[PDB]
Amino acid sequence: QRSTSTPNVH
Amino acid sequence: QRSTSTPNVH
Amino acid sequence: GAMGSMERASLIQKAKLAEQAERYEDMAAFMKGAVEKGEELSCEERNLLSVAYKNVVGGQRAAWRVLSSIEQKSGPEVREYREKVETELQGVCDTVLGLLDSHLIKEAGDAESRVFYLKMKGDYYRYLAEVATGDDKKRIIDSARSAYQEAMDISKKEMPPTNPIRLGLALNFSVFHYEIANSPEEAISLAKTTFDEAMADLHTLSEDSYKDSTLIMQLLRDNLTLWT
Amino acid sequence: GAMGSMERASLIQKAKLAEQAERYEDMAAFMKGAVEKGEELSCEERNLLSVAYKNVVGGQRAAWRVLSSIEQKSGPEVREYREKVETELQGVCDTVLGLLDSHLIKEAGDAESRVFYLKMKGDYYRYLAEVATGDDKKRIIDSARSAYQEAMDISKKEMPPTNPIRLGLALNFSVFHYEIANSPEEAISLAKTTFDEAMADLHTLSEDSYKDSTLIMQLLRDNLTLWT
Ligand SMILES: *CC(=O)NCC1CCN(S(=O)(=O)c2ccc(C(F)(F)F)c(F)c2)CC1
Ligand SMILES: *CC(=O)NCC1CCN(S(=O)(=O)c2ccc(C(F)(F)F)c(F)c2)CC1
Ligand SMILES: [Cl-]
Ligand SMILES: [Cl-]
Ligand SMILES: [Cl-]
Ligand SMILES: [Cl-]
Ligand SMILES: [Mg+2]
Ligand SMILES: [Mg+2]
Ligand SMILES: [Mg+2]
Ligand SMILES: [Mg+2]
Ligand SMILES: [Mg+2]
Ligand SMILES: [Mg+2]
């Protein structure tokens, strides 16, 4: 699994 | 609901 | 064109990479290049071409319907932006129709192939009819009906009733009847006889395509339930 | 530019239509036009800009990783097509970084705004570092680290520890540490102190953004579980 970054949501 | 047409799958 | 210097096999191979990468504009550009080499397409290549342009035009249609609904529910900004998306969608449809007429639809070849290209002509005129209005409109509706009907005639003569091109064509022609031509009865009548004839000759399902066939049969049944 | 004749308010309004239509290239073009009018962006407008370019560059990154994996697991076609996608991704990152440097990052204004633009600079240098190799690479990694670190300093001075720009910045800086800089310890140390300090000062959650804050806190916790 890649690390999770800030998602592109409101 | 709109009518369903041929889907874009394999 | 931009693809003119690349070998046909490399264009096909890159279309498959683009499909895997979900770059469907690229995939459609690659398959346009491959068509323009002037050789006929195999079934696999036809599937690449179909998937690519349908993905591109499907996102345009979805965007158009979103803007069109905002426009109806109401400054010039929404109309202007809807018109921009509309113009791009018509450009993609004109490109597909140009390829079909310049290169793909020929007098001979696979009846399988002839039916598929005529169906694809009907589909992309139908996508133009979704956004058309004036003298453009009835002209466009008639080219769609004509191409579908010619495809119907060949398919009923040359293909079993479970064949997936025959089924998908009949499903799409019936959507044309219901959504474009305002013929609810024809749409119900075509979808019913298509489903019933597929079931009556269920034994003709092909080992390499039966899952496509049964999927279309279910979609015919879904439209009949929605339409009744 | 293509947007130069359109009023700023119409550009903002069309960016919102494009978001609703999921036309994220269009939305990014509209927000580039709006930035180039030379006025600062509000929080809502900054969100439009962020969402648009992240959507465009995210699909490019996903395509690049698909092609890059096919390339590694193995004709010139895969490398050629991967290089084409790479070039397009770098073009989008250069565009974002140009806007930030030409227009958005200024000495004054909202500390909120300054931190967000510096974080965005760090992100898009990090996206370049994902595909870089040579003299380009360590140069790019250092510009990313520098921008993040400057954003960190301001955020710790000027924003509470639950603020979502502060949190999202710290989350992204820790991804930089883990995935780009090969510093697993720093990534774990930053993510831990960020989560713990957010929880210790949980009372600072804002009424209009607490769902963003708690979402980032959970993502920090997810990375810590994956990294331990
Ligand atoms: C041999 C050959 O021509 N193959 C390629 C074409 C087959 C027919 N289709 S289609 O009629 O557009 C179509 C598409 C999808 C489906 C399915 F499986 F239901 F999703 C279908 F049945 C028929 C184009 C490619
Ligand atoms: C006031 C203001 O500047 N608003 C716009 C920006 C806020 C910060 N973000 S972000 O740091 O990229 C970000 C994005 C998504 C999320 C969330 F909610 F978790 F999904 C977040 F917390 C922070 C850009 C817009
Ligand atoms: Cl427009
Ligand atoms: Cl006949
Ligand atoms: Cl290429
Ligand atoms: Cl300091
Ligand atoms: Mg060739
Ligand atoms: Mg009114
Ligand atoms: Mg128009
Ligand atoms: Mg203006
Ligand atoms: Mg080998
Ligand atoms: Mg390169």
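What's counted below: heavy atoms across the whole structure, side chains too, no hydrogens, waters or symmetry copies. Every chain is numbered from 1 and lettered A, B, ... according to where its sequence line falls, protein lines coming before strand lines.
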Asker: Quick one: does C/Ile105's side chain get under 4.5 Å of C/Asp101's, heavy atoms only?
Answerer: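 A side-chain contact under 4.5 Å exists here.
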
Asker: Any carboxylate oxygen within less than 4.0 angstrom of a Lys/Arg side-chain nitrogen, looking at D/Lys119 and D/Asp123?
Answerer: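 Counted as a salt bridge, because a side-chain N and a carboxylate O are separated by less than 4.0 Å.
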
Asker: With side-chain contact (heavy atoms from CB on, under 4.5 Å) as the criterion, how do D/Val51 and D/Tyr24 come out once you've worked through the C-alpha distance, each side chain's angles and the decisive distance to 0.1 Å?
Answerer: CA-CA 8 Å; D/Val51 164; D/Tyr24 295 105; 4.2 Å; yes

Asker: Check this for me: does any side-chain nitrogen of one of D/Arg126 and D/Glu179 sit under 4.0 Å from a carboxylate oxygen of the other?
Answerer: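 Not counted as a salt bridge, because no side-chain N and carboxylate O are separated by less than 4.0 Å.
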
Asker: Check the pair D/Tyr81 / C/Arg23 against side-chain contact (heavy atoms from CB on, under 4.5 Å), numbers first and verdict last.
Answerer: CA-CA 11 Å; D/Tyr81 186 41; C/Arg23 302 263 302 189; 3.2 Å; yes

Asker: Honestly, is C/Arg145 close enough over C/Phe176, meaning NZ or CZ under 6.0 Å from the six-membered ring centre and within 45° of the axis?
Answerer: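 No, cation not above the ring by the 6.0 Å, 45° rule.
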
Asker: For the atom pair OH (D/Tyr124) and OH (D/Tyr53), what is the distance rounded to the nearest 0.5 Å?
Answerer: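 Those atoms lie 8.5 Å apart.
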
Asker: Please confirm whether the backbone N or O of C/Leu205 pairs with a side-chain atom of C/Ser209, one donor and one acceptor, at under 3.5 Å?
Answerer: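 Not a single qualifying donor-acceptor pair exists.
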
Asker: Short question: side chain of C/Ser69, backbone of C/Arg65 - any donor-acceptor pair under 3.5 Å?
Answerer: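 Not a single qualifying donor-acceptor pair exists.
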
Asker: How close do C/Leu224 and C/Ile188 get, heavy atom to heavy atom, and via which atoms?
Answerer: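 Shortest heavy-atom separation between C/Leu224 and C/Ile188 comes out as CD2-O, 3.8 Å.
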
Asker: Any heavy-atom pair between the side chains of B/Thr4 and C/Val175 that's under 4.5 Å?
Answerer: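 Side-chain contact under 4.5 Å: no.
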
Asker: How close do D/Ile140 and D/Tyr125 get, counting heavy atoms only, and between which atoms?
Answerer: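 Minimum heavy-atom contact is CG2-O, 3.1 Å.
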
Asker: Go through the side-chain N and O atoms of C/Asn223 and B/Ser3 and say whether any donor and acceptor fall under 3.5 Å apart.
Answerer: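 Side-chain D/A pair, C/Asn223 to B/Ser3: absent.
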
Asker: If you count heavy atoms of other groups shown closer than 6.0 angstrom to NZ of C/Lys192, is the number above 12?
Answerer: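 No, not enclosed.
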
Asker: D/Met120 versus D/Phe116: any side-chain heavy-atom pair under 4.5 Å?
Answerer: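 The answer is yes; the side chains approach within 4.5 Å.
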
Asker: Supply the atom-to-atom distance C/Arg8 CZ to C/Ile12 CD1, rounded to the nearest 0.5 angstrom.
Answerer: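 Between atom CZ of C/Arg8 and atom CD1 of C/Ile12 there are 4.5 Å.
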
Asker: State whether C/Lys14 and C/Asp26 are salt-bridged, where the test is any N-O pair (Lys NZ or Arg NE/NH1/NH2 against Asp/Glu carboxylate O) under 4.0 Å.
Answerer: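 Salt bridge: no.
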
Asker: Do the side chain of C/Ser189 and the main chain of C/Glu185 share a donor and acceptor less than 3.5 angstrom apart?
Answerer: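 Side chain of C/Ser189 to backbone of C/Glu185: no pair is present.
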
Asker: Applying side-chain contact (heavy atoms from CB on, under 4.5 Å) to C/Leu190 and C/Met152, what does each step give before you reach the verdict?
Answerer: CA-CA 11 Å; C/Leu190 179 52; C/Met152 280 309 286; 3.7 Å; yes

Asker: More than 12 heavy atoms of other residues, nucleotides or ligands under 6.0 Å from CD of D/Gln20: yes or no?
Answerer: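 Enclosed.
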
Asker: Side chains of A/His10 and D/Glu19: is there a donor and an acceptor less than 3.5 Å apart?
Answerer: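 Present: a donor and an acceptor within the cut-off.
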
Asker: Please confirm whether the backbone N or O of D/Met6 pairs with a side-chain atom of D/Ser10, one donor and one acceptor, at under 3.5 Å?
Answerer: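 Between the backbone of D/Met6 and the side chain of D/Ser10 there is no qualifying donor-acceptor contact (under 3.5 Å).
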
Asker: Can you tell me if D/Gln218 has over 12 outside heavy atoms packed within less than 6.0 Å of its CD?
Answerer: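 Yes, enclosed.
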
Asker: Quick check for you: to the nearest 0.5 Å, what is the distance between D/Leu171 atom CG and D/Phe173 atom CZ?
Answerer: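 If I round to the nearest 0.5 Å, the distance is 12.5 Å.
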
Asker: Could you state the interatomic distance from CE (D/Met3) to CZ (D/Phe30), rounded to the nearest 0.5 Å?
Answerer: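 Between D/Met3 CE and D/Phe30 CZ, I get 4.5 Å after rounding to 0.5 Å.
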
Asker: Indicate yes or no: at least one non-hydrogen side-chain atom of D/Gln60 is less than 4.5 angstrom from one of D/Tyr127.
Answerer: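 Contact flag for D/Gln60/D/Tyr127 side chains = no.
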
Asker: Measure from the side-chain N and O atoms of D/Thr87 to the backbone N and O of D/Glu83, and report whether any donor-acceptor pair falls under 3.5 Å.
Answerer: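 Answer holds: yes.
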
Asker: Do the non-hydrogen side-chain atoms of C/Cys93 and C/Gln90 ever get within less than 4.5 Å of each other?
Answerer: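 They are not in side-chain contact.
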
Asker: If we count only N and O atoms by modelled type, under 3.5 Å, do the side chains of C/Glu112 and C/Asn163 hold a donor and an acceptor together?
Answerer: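 Yes - a donor-acceptor pair under 3.5 Å links their side chains.
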
Asker: Calculate, to the nearest 0.5 Å, the distance between atoms CG and CG belonging to C/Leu99 and C/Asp94 respectively.
Answerer: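 So the CG of C/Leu99 and the CG of C/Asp94 are separated by 11.0 Å.
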
Asker: Are the charged groups of D/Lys84 and D/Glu80 less than 4.0 angstrom apart, N to O?
Answerer: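 Between D/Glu80 and D/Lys84 there is no salt bridge, as every charged N stays at least 4.0 Å from the carboxylate O atoms.
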
Asker: I would like to know whether C/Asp136 and C/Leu128 meet side-chain contact (heavy atoms from CB on, under 4.5 Å); could you show each step before the answer?
Answerer: CA-CA 9 Å; C/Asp136 226 26; C/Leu128 287 180; over 6 Å; no

Asker: Can you name the closest pair of heavy atoms from C/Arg166 and C/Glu197 and give their distance?
Answerer: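 Where C/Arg166 meets C/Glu197 most closely, the heavy atoms are NH2-OE1, 3.7 Å.
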
Asker: Check D/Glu86 with D/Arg82, please: is the shortest side-chain N to carboxylate O separation under 4.0 Å?
Answerer: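 A salt bridge is present here (some side-chain N lies under 4.0 Å from a carboxylate O).
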
Asker: Can you confirm whether D/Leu11 sits close enough to D/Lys32 that some side-chain heavy atom of one is under 4.5 Å from a side-chain heavy atom of the other?
Answerer: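 No, their side chains stay 4.5 Å or more apart.
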
Asker: When you check the side-chain N and O atoms of C/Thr162 and C/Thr204, is any donor under 3.5 Å from an acceptor?
Answerer: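 Yes.
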
Asker: Around atom CD of C/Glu25, are there more than 12 heavy atoms of other residues, nucleotides or ligands at under 6.0 Å?
Answerer: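 No - once you tally the heavy atoms of other residues, nucleotides and ligands closer than 6.0 Å, there are 12 at most.
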
Asker: Give the minimum heavy-atom separation between C/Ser155 and C/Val115, together with the two atoms involved.
Answerer: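 Closest approach of C/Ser155 to C/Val115: N-CG2, 3.8 Å.
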
Asker: Of the non-hydrogen atoms in B/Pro7 and C/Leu219, which two are nearest, and what is the gap between them?
Answerer: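 In terms of heavy atoms, the two residues are closest at CD-CD1, 3.5 Å.
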
Asker: Would D/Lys16 and D/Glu44 pass as an ion pair if we require N to O under 4.0 Å?
Answerer: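 Looking at D/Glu44 together with D/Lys16, the answer is yes, because their closest N to O distance falls below 4.0 Å.
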
Asker: Over all heavy atoms of both residues, which pair between C/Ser174 and C/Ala187 is shortest? Give the atoms and the distance, please.
Answerer: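 So the two residues come closest at O-CB, 3.2 Å.
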
Asker: Less than 4.0 angstrom from a charged side-chain N to a carboxylate O is my criterion; do C/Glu150 and C/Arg114 meet it?
Answerer: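 Yes, this pair counts.
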
Asker: Under a 4.5 Å cut-off applied to non-hydrogen side-chain atoms, are C/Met217 and C/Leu202 in contact?
Answerer: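 C/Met217 reaches C/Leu202 side chain to side chain.
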
Asker: When you measure from the side chain of C/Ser113 to the backbone of C/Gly109, do you find a donor-acceptor pair of N or O atoms at a distance under 3.5 Å?
Answerer: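 Side chain of C/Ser113 to backbone of C/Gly109: no pair is present.
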
Asker: Out of curiosity, A/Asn8 CG to D/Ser50 OG, how far, rounded to the nearest 0.5 Å?
Answerer: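 These two atoms lie 6.0 Å from each other.
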
